[PDB]
Amino acid sequence: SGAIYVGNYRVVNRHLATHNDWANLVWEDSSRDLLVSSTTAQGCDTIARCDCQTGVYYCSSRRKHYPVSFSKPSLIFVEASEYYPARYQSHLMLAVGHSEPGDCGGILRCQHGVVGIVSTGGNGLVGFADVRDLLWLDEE
Ligand SMILES: CC(C)Oc1ccccc1NC(=O)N1CCC[C@H](C(N)=O)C1
Ligand SMILES: [Zn+2]
């Protein structure tokens with residue numbers, strides 16, 4: 001589990017969104033596994049606006065932050081899970097790293113800020129849903 005709190009927005013994995021998230025919905029996209037809801041309190045996270053391909057992510061199944069090299073956001077095939085059938089997920093970046101069911105939501109960050117959140121994994125891989133192209137998170 002995990003979320004990004006930027007301004008008056010909460011960014012979470014769409015497959016882990018709560019009823020309160022759906023009842024205060026700002027934007028959602030199943031193809032990216034992202035959902036954004038509105039919040040009453042202001043958040044402290046800042047979004048990265050860069051082209052970094054190295055950063056650090058939080059892995060809840062190890063209570064550790066790991067440095068990783070990750071691919072550019074692209075369309076990747078993801079195996080069937082209890083949340084989605086086997087399909088192509090867009091704006092996904094892959095890296096070599098530990099991930100397990102429960103690790104979704106952990107933040108990936110670079111020197112410029114938050115890059116994205118854990119969304120996929122398996123066999124020594126971890127995939128992150130990019131959020132750097134969502135410019136509207138920085139305003140309104
Ligand atoms: C990060 C962890 C949950 O990943 C795994 C780690 C080890 C084995 C499987 C997964 N599961 C996985 O890749 N998911 C399940 C949840 C929905 C994801 C999606 N965005 O389509 C796909
Ligand atoms: Zn950066």
# chains A, B, ... in the order shown; residues from 1 in each chain; ligands from 1
$ residues_near_ligand --ligand "ligand 2" --cutoff "7 Å" --atoms "only C-alpha atoms and all ligand atoms" --output "list in words"
residues 48, 49, 50, 51, 52, 110, 111, 112 and 113 of chain A
$ residues_near_ligand --ligand "ligand 1" --cutoff "8 Å" --atoms "only C-alpha atoms and all ligand atoms" --output "JSON, numbers by chain"
{"A": [13, 15, 32, 33, 78, 79, 80, 81, 82, 83, 84, 85, 86, 87, 89, 98, 99, 100, 101, 102, 103, 104, 118, 119, 120, 121, 122, 123, 125, 126, 127]}
$ closest_residue --among "A:8, A:43, A:97, A:58" --to "residue 26 in chain A" --atoms "only C-alpha atoms"
A:8
$ residues_around --residues "range 130-137 of chain A" --least-positions-apart "6" --cutoff "10 Å" --atoms "only C-alpha atoms" --output "ChimeraX atom specification"
/A:4-11,32,34,36,46-51,72-74,90-93,108,113-119
$ write_last_selection --atoms "C-alpha atoms" --output "short mmCIF file (atom, residue, chain, number, x, y, z; two decimals), in the first residue's frame"
data_model
loop_
_atom_site.label_atom_id
_atom_site.label_comp_id
_atom_site.auth_asym_id
_atom_site.auth_seq_id
_atom_site.Cartn_x
_atom_site.Cartn_y
_atom_site.Cartn_z
CA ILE A 4 1.69 10.28 -3.11
CA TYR A 5 0.32 13.38 -1.32
CA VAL A 6 0.94 16.49 -3.49
CA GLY A 7 -1.07 19.68 -3.00
CA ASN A 8 -4.71 18.66 -2.44
CA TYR A 9 -4.30 15.37 -4.32
CA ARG A 10 -3.84 11.72 -3.21
CA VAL A 11 -2.29 9.48 -5.96
CA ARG A 32 -1.90 3.10 -16.19
CA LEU A 34 -3.56 5.14 -11.45
CA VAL A 36 -6.20 10.45 -8.03
CA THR A 46 6.82 17.22 -4.77
CA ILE A 47 6.61 15.64 -8.26
CA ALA A 48 9.80 15.24 -10.30
CA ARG A 49 9.75 16.96 -13.72
CA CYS A 50 12.81 15.38 -15.36
CA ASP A 51 14.12 12.45 -17.45
CA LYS A 72 11.69 4.84 -19.79
CA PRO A 73 7.87 4.89 -19.43
CA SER A 74 6.44 2.51 -22.01
CA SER A 90 0.99 2.05 -20.31
CA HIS A 91 3.48 4.58 -18.79
CA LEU A 92 5.21 1.69 -16.91
CA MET A 93 8.97 1.61 -16.07
CA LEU A 108 10.12 5.76 -6.52
CA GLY A 113 11.15 14.57 -6.41
CA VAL A 114 8.60 11.74 -6.74
CA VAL A 115 8.84 9.84 -10.05
CA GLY A 116 6.07 7.25 -9.56
CA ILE A 117 4.76 4.36 -7.46
CA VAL A 118 5.21 0.57 -7.43
CA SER A 119 2.48 -1.01 -9.62
#
$ closest_residue --among "A:109, A:19, A:45, A:138" --to "residue 68 in chain A" --atoms "only C-alpha atoms"
A:109
$ select_by_dssp --residues "range 10-79 of chain A" --states "alpha helix (DSSP H)" --output "JSON, numbers by chain"
{"A": [19, 20, 21, 22, 23]}
$ select_by_dssp --residues "range 83-119 of chain A" --states "strand (DSSP E or B)" --output "list in words"
residues 87, 88, 89, 90, 91, 92, 93, 94, 95, 96, 107, 108, 109, 110, 113, 114, 115, 116, 117, 118 and 119 of chain A
$ atom_distance --atom1 "CA of residue 17 in chain A" --atom2 "CA of residue 3 in chain A"
9.9 Å
$ closest_residue --among "A:67, A:124, A:106, A:2" --to "residue 54 in chain A" --atoms "only C-alpha atoms"
A:67
$ atom_distance --atom1 "CA of residue 128 in chain A" --atom2 "CA of residue 40 in chain A"
26.7 Å
$ closest_residue --among "A:75, A:129, A:95, A:12" --to "residue 55 in chain A" --atoms "only C-alpha atoms"
A:95
$ closest_residue --among "A:37, A:42, A:61, A:31" --to "residue 77 in chain A" --atoms "only C-alpha atoms"
A:31
$ atom_distance --atom1 "CA of residue 70 in chain A" --atom2 "CA of residue 96 in chain A"
7.8 Å
$ decode --residues "range 22-59 of chain A" --atoms "N, CA, C and O atoms" --output "PDB file, in the first residue's frame"
ATOM      1  N   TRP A  22     -12.990   6.861  -4.540  1.00  0.00           N
ATOM      2  CA  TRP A  22     -13.977   6.927  -5.629  1.00  0.00           C
ATOM      3  C   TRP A  22     -15.024   8.016  -5.397  1.00  0.00           C
ATOM      4  O   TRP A  22     -15.496   8.611  -6.362  1.00  0.00           O
ATOM      5  N   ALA A  23     -15.401   8.274  -4.125  1.00  0.00           N
ATOM      6  CA  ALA A  23     -16.385   9.314  -3.804  1.00  0.00           C
ATOM      7  C   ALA A  23     -15.812  10.738  -3.882  1.00  0.00           C
ATOM      8  O   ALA A  23     -16.571  11.706  -3.831  1.00  0.00           O
ATOM      9  N   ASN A  24     -14.463  10.876  -4.020  1.00  0.00           N
ATOM     10  CA  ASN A  24     -13.800  12.189  -4.152  1.00  0.00           C
ATOM     11  C   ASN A  24     -12.844  12.119  -5.339  1.00  0.00           C
ATOM     12  O   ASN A  24     -11.718  12.609  -5.281  1.00  0.00           O
ATOM     13  N   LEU A  25     -13.311  11.517  -6.435  1.00  0.00           N
ATOM     14  CA  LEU A  25     -12.475  11.247  -7.590  1.00  0.00           C
ATOM     15  C   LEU A  25     -12.115  12.475  -8.384  1.00  0.00           C
ATOM     16  O   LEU A  25     -12.981  13.307  -8.675  1.00  0.00           O
ATOM     17  N   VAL A  26     -10.832  12.584  -8.767  1.00  0.00           N
ATOM     18  CA  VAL A  26     -10.373  13.650  -9.649  1.00  0.00           C
ATOM     19  C   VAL A  26     -10.118  13.048 -11.044  1.00  0.00           C
ATOM     20  O   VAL A  26     -10.540  13.612 -12.060  1.00  0.00           O
ATOM     21  N   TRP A  27      -9.391  11.908 -11.099  1.00  0.00           N
ATOM     22  CA  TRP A  27      -9.013  11.308 -12.390  1.00  0.00           C
ATOM     23  C   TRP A  27      -8.597   9.866 -12.173  1.00  0.00           C
ATOM     24  O   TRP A  27      -8.048   9.547 -11.124  1.00  0.00           O
ATOM     25  N   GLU A  28      -8.896   8.991 -13.138  1.00  0.00           N
ATOM     26  CA  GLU A  28      -8.453   7.597 -13.030  1.00  0.00           C
ATOM     27  C   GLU A  28      -8.167   7.050 -14.421  1.00  0.00           C
ATOM     28  O   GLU A  28      -8.790   7.479 -15.405  1.00  0.00           O
ATOM     29  N   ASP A  29      -7.221   6.103 -14.512  1.00  0.00           N
ATOM     30  CA  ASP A  29      -6.900   5.503 -15.802  1.00  0.00           C
ATOM     31  C   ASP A  29      -6.480   4.074 -15.531  1.00  0.00           C
ATOM     32  O   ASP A  29      -5.414   3.834 -14.955  1.00  0.00           O
ATOM     33  N   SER A  30      -7.351   3.125 -15.906  1.00  0.00           N
ATOM     34  CA  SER A  30      -7.090   1.704 -15.699  1.00  0.00           C
ATOM     35  C   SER A  30      -5.847   1.237 -16.465  1.00  0.00           C
ATOM     36  O   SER A  30      -5.099   0.398 -15.958  1.00  0.00           O
ATOM     37  N   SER A  31      -5.639   1.755 -17.706  1.00  0.00           N
ATOM     38  CA  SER A  31      -4.467   1.329 -18.489  1.00  0.00           C
ATOM     39  C   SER A  31      -3.143   1.693 -17.806  1.00  0.00           C
ATOM     40  O   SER A  31      -2.150   1.031 -18.051  1.00  0.00           O
ATOM     41  N   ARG A  32      -3.135   2.705 -16.922  1.00  0.00           N
ATOM     42  CA  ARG A  32      -1.903   3.098 -16.188  1.00  0.00           C
ATOM     43  C   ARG A  32      -1.887   2.593 -14.716  1.00  0.00           C
ATOM     44  O   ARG A  32      -0.909   2.861 -13.990  1.00  0.00           O
ATOM     45  N   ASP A  33      -3.016   1.969 -14.242  1.00  0.00           N
ATOM     46  CA  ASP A  33      -3.157   1.583 -12.827  1.00  0.00           C
ATOM     47  C   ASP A  33      -3.048   2.786 -11.894  1.00  0.00           C
ATOM     48  O   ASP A  33      -2.551   2.659 -10.775  1.00  0.00           O
ATOM     49  N   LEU A  34      -3.617   3.954 -12.310  1.00  0.00           N
ATOM     50  CA  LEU A  34      -3.562   5.140 -11.447  1.00  0.00           C
ATOM     51  C   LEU A  34      -4.948   5.702 -11.140  1.00  0.00           C
ATOM     52  O   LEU A  34      -5.847   5.683 -11.994  1.00  0.00           O
ATOM     53  N   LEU A  35      -5.095   6.247  -9.928  1.00  0.00           N
ATOM     54  CA  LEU A  35      -6.315   6.957  -9.546  1.00  0.00           C
ATOM     55  C   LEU A  35      -5.880   8.108  -8.652  1.00  0.00           C
ATOM     56  O   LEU A  35      -4.964   7.959  -7.829  1.00  0.00           O
ATOM     57  N   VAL A  36      -6.503   9.278  -8.831  1.00  0.00           N
ATOM     58  CA  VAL A  36      -6.197  10.452  -8.030  1.00  0.00           C
ATOM     59  C   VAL A  36      -7.468  10.966  -7.387  1.00  0.00           C
ATOM     60  O   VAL A  36      -8.482  11.112  -8.079  1.00  0.00           O
ATOM     61  N   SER A  37      -7.455  11.155  -6.051  1.00  0.00           N
ATOM     62  CA  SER A  37      -8.621  11.704  -5.336  1.00  0.00           C
ATOM     63  C   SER A  37      -8.246  13.052  -4.674  1.00  0.00           C
ATOM     64  O   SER A  37      -7.060  13.401  -4.565  1.00  0.00           O
ATOM     65  N   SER A  38      -9.264  13.834  -4.258  1.00  0.00           N
ATOM     66  CA  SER A  38      -8.993  15.125  -3.613  1.00  0.00           C
ATOM     67  C   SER A  38      -8.875  14.946  -2.088  1.00  0.00           C
ATOM     68  O   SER A  38      -9.502  14.044  -1.501  1.00  0.00           O
ATOM     69  N   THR A  39      -8.060  15.818  -1.443  1.00  0.00           N
ATOM     70  CA  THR A  39      -7.854  15.741  -0.004  1.00  0.00           C
ATOM     71  C   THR A  39      -8.182  17.056   0.651  1.00  0.00           C
ATOM     72  O   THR A  39      -8.094  18.103   0.002  1.00  0.00           O
ATOM     73  N   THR A  40      -8.512  17.022   1.950  1.00  0.00           N
ATOM     74  CA  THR A  40      -8.787  18.248   2.680  1.00  0.00           C
ATOM     75  C   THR A  40      -7.444  18.897   3.115  1.00  0.00           C
ATOM     76  O   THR A  40      -7.267  20.097   2.938  1.00  0.00           O
ATOM     77  N   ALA A  41      -6.492  18.095   3.616  1.00  0.00           N
ATOM     78  CA  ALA A  41      -5.181  18.615   4.023  1.00  0.00           C
ATOM     79  C   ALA A  41      -4.177  18.665   2.845  1.00  0.00           C
ATOM     80  O   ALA A  41      -4.231  17.832   1.931  1.00  0.00           O
ATOM     81  N   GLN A  42      -3.231  19.627   2.897  1.00  0.00           N
ATOM     82  CA  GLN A  42      -2.209  19.759   1.867  1.00  0.00           C
ATOM     83  C   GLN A  42      -1.093  18.744   2.111  1.00  0.00           C
ATOM     84  O   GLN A  42      -0.706  18.501   3.263  1.00  0.00           O
ATOM     85  N   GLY A  43      -0.588  18.156   1.026  1.00  0.00           N
ATOM     86  CA  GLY A  43       0.478  17.170   1.096  1.00  0.00           C
ATOM     87  C   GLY A  43       1.859  17.775   0.960  1.00  0.00           C
ATOM     88  O   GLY A  43       2.004  18.926   0.544  1.00  0.00           O
ATOM     89  N   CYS A  44       2.899  16.978   1.320  1.00  0.00           N
ATOM     90  CA  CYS A  44       4.299  17.459   1.305  1.00  0.00           C
ATOM     91  C   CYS A  44       5.173  16.920   0.197  1.00  0.00           C
ATOM     92  O   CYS A  44       6.346  17.343   0.084  1.00  0.00           O
ATOM     93  N   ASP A  45       4.650  15.976  -0.594  1.00  0.00           N
ATOM     94  CA  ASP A  45       5.446  15.424  -1.673  1.00  0.00           C
ATOM     95  C   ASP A  45       5.513  16.410  -2.839  1.00  0.00           C
ATOM     96  O   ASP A  45       4.556  17.132  -3.094  1.00  0.00           O
ATOM     97  N   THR A  46       6.630  16.413  -3.554  1.00  0.00           N
ATOM     98  CA  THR A  46       6.822  17.222  -4.771  1.00  0.00           C
ATOM     99  C   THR A  46       7.038  16.251  -5.933  1.00  0.00           C
ATOM    100  O   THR A  46       7.748  15.253  -5.757  1.00  0.00           O
ATOM    101  N   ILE A  47       6.450  16.535  -7.112  1.00  0.00           N
ATOM    102  CA  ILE A  47       6.615  15.644  -8.255  1.00  0.00           C
ATOM    103  C   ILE A  47       7.861  16.029  -9.052  1.00  0.00           C
ATOM    104  O   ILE A  47       8.092  17.223  -9.336  1.00  0.00           O
ATOM    105  N   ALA A  48       8.637  15.017  -9.458  1.00  0.00           N
ATOM    106  CA  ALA A  48       9.800  15.242 -10.297  1.00  0.00           C
ATOM    107  C   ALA A  48       9.341  15.627 -11.705  1.00  0.00           C
ATOM    108  O   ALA A  48       8.375  15.041 -12.235  1.00  0.00           O
ATOM    109  N   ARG A  49      10.052  16.597 -12.337  1.00  0.00           N
ATOM    110  CA  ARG A  49       9.751  16.965 -13.719  1.00  0.00           C
ATOM    111  C   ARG A  49      11.133  16.881 -14.395  1.00  0.00           C
ATOM    112  O   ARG A  49      11.879  17.860 -14.454  1.00  0.00           O
ATOM    113  N   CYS A  50      11.460  15.698 -14.885  1.00  0.00           N
ATOM    114  CA  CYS A  50      12.814  15.380 -15.355  1.00  0.00           C
ATOM    115  C   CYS A  50      12.799  14.119 -16.244  1.00  0.00           C
ATOM    116  O   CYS A  50      11.758  13.475 -16.428  1.00  0.00           O
ATOM    117  N   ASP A  51      14.015  13.682 -16.694  1.00  0.00           N
ATOM    118  CA  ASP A  51      14.120  12.449 -17.452  1.00  0.00           C
ATOM    119  C   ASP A  51      15.086  11.471 -16.760  1.00  0.00           C
ATOM    120  O   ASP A  51      15.762  10.690 -17.433  1.00  0.00           O
ATOM    121  N   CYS A  52      15.150  11.494 -15.420  1.00  0.00           N
ATOM    122  CA  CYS A  52      16.009  10.558 -14.678  1.00  0.00           C
ATOM    123  C   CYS A  52      15.633   9.110 -14.988  1.00  0.00           C
ATOM    124  O   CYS A  52      14.461   8.793 -15.121  1.00  0.00           O
ATOM    125  N   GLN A  53      16.634   8.236 -15.084  1.00  0.00           N
ATOM    126  CA  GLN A  53      16.432   6.788 -15.207  1.00  0.00           C
ATOM    127  C   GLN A  53      17.139   6.043 -14.040  1.00  0.00           C
ATOM    128  O   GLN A  53      17.342   4.827 -14.116  1.00  0.00           O
ATOM    129  N   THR A  54      17.537   6.777 -12.969  1.00  0.00           N
ATOM    130  CA  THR A  54      18.055   6.202 -11.752  1.00  0.00           C
ATOM    131  C   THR A  54      17.345   6.899 -10.579  1.00  0.00           C
ATOM    132  O   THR A  54      16.970   8.099 -10.638  1.00  0.00           O
ATOM    133  N   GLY A  55      17.109   6.128  -9.556  1.00  0.00           N
ATOM    134  CA  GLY A  55      16.426   6.662  -8.377  1.00  0.00           C
ATOM    135  C   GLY A  55      16.429   5.669  -7.246  1.00  0.00           C
ATOM    136  O   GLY A  55      17.235   4.743  -7.246  1.00  0.00           O
ATOM    137  N   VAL A  56      15.503   5.826  -6.298  1.00  0.00           N
ATOM    138  CA  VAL A  56      15.407   4.953  -5.132  1.00  0.00           C
ATOM    139  C   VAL A  56      13.937   4.654  -4.881  1.00  0.00           C
ATOM    140  O   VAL A  56      13.131   5.571  -4.970  1.00  0.00           O
ATOM    141  N   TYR A  57      13.583   3.401  -4.596  1.00  0.00           N
ATOM    142  CA  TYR A  57      12.173   3.085  -4.295  1.00  0.00           C
ATOM    143  C   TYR A  57      12.030   2.451  -2.920  1.00  0.00           C
ATOM    144  O   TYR A  57      12.965   1.781  -2.441  1.00  0.00           O
ATOM    145  N   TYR A  58      10.830   2.576  -2.323  1.00  0.00           N
ATOM    146  CA  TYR A  58      10.535   1.948  -1.046  1.00  0.00           C
ATOM    147  C   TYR A  58       9.864   0.615  -1.255  1.00  0.00           C
ATOM    148  O   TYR A  58       8.825   0.524  -1.939  1.00  0.00           O
ATOM    149  N   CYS A  59      10.457  -0.416  -0.626  1.00  0.00           N
ATOM    150  CA  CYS A  59       9.971  -1.799  -0.697  1.00  0.00           C
ATOM    151  C   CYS A  59       9.428  -2.206   0.690  1.00  0.00           C
ATOM    152  O   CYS A  59      10.227  -2.510   1.592  1.00  0.00           O
TER     153      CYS A  59
END
